[PDB]
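What follows is a single chain, given as structure tokens, in the form deposited in one PDB entry.
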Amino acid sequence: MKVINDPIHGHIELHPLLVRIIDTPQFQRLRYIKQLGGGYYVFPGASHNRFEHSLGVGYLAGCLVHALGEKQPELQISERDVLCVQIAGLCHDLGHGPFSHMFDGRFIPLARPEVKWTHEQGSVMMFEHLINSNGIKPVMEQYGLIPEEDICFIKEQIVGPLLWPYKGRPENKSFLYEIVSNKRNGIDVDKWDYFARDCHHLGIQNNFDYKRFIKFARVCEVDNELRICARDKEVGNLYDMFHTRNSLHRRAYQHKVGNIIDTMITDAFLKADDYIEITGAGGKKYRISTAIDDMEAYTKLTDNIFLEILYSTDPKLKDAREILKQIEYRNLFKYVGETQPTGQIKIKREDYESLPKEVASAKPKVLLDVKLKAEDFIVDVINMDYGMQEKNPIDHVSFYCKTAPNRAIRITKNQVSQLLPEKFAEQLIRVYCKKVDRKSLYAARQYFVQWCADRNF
């Protein structure tokens, strides 16, 4: 057994199978993908990658399954179950692209709007390619795993079911599907891991305490299926969890300067495409947008490409190059304004492309010498929620009492406190102007105020 030293956790022990899986090009590719993407250009201490995040998530999944097993010997938890859960926690982010959430957040929807792609599909495909190429099946068989069923069990833990829709484990082990990714209420070890790590690196103090949560967790057989349950004295702690998630999102992840830097990087990638060449299986050639359909080509697509565009000399990639150079001089797109949040005038994705035009067509009352077209405006729509899209995540949790540990109850928002939030979803709209001269900024402000007053925000 190896021993690795994590600054966040203590010393992590690794099963030999995990060491075998980690020493592959597919997993080692994560050393060159940043956790927070463009936010590194606002918080200089955020230089961590996904390698340590995956290590920590696997460690925490193993710890949680062990703690659950050693308190209730009637659940019949074996070592192969722990190994499968740890492997699933280890290989849950294999499909991330350059700059992490930017790519599948901004680049793929724009370059190829006819495909529905998420990084979990990429993670599953990467896992399959890794297992097939590196020949891990005999090693798995050596350590007491059954590839035929355990591979599907691991796959379903990452994406979901691909009555009882799962095929990896029976209903008796239903509580094993709510550890790495919870589809019901969103309480899992991923949140704990990146809360701790991001708070450590960014320079902000963390508020949640997951060890206390592990101390009070149980399996209380909710609605004909075994599920993980909490004590009824920890509702406020879960509300605090979600509050700190929201605070992190509004302080760091949705910083407007970081968002505009990400937008500029996406523009550079869009302009530089059709000229970058990537080699895949069979000697075929791919692009940045089309590399997601070949994993041998996807394996060679990391944050390196950024610099490949900055240091290039080809006159064909000149335009994109210029944009990146601006990022190195801090000649960024300027910020004009935003609109107050609203929970009932939602804007769908399909309308995003039409937003800039609406701002360009607004006619301010006072005549202005400067005239701005529809290509001088960037409109960004931000969605803030608790993860359930206007629903209350805490209303899908099951609680038990000290007197009757094996009986599940439900707690309503009115039985906790009157100081809890009245809503659980909102949006924001931000406007940026590409032109940097003062007159253009004044004009953009006039158009923005006219457009906002017209639509009554």
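Each form is matched to the other, and the largest set of C-alpha atoms that superpose within 1.5 Å is called the rigid core. Numbers follow the displayed sequence, beginning with 1.
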Can you check if, in at least a third of the other PDB entries compared, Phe424 has no modelled coordinates?
-> yes
What number of residues from the deposited sequence go unmodelled in the gap from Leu162 to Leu163, classed as none, 1 to 3, 4 to 9, or 10 or more?
-> 4 to 9
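This next part talks about the form deposited in another entry, which is not shown.
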Core-superposed comparison between this form and the one not shown: the option from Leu307, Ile204, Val257, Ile347 whose CA moves 2 angstroms or more | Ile347
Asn237 C-alpha relocation of at least 2 Å between this form and the one not shown, rigid core basis = yes
Would you say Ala404 moves between this form and the one not shown, meaning its CA shifts by 2 Å or more once the core is fitted?
-> yes
Examine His96 after superposing the rigid core and state whether its CA is displaced by 2 Å or more between this form and the one not shown.
-> no
Knowing the Cα distance between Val257 and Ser354 changes 3 Å or more in that other deposited form, does it shrink or grow relative to here?
-> closer
Direction of Cα pair change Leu202-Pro341 in that other deposited form, magnitude 3 angstroms or more | farther
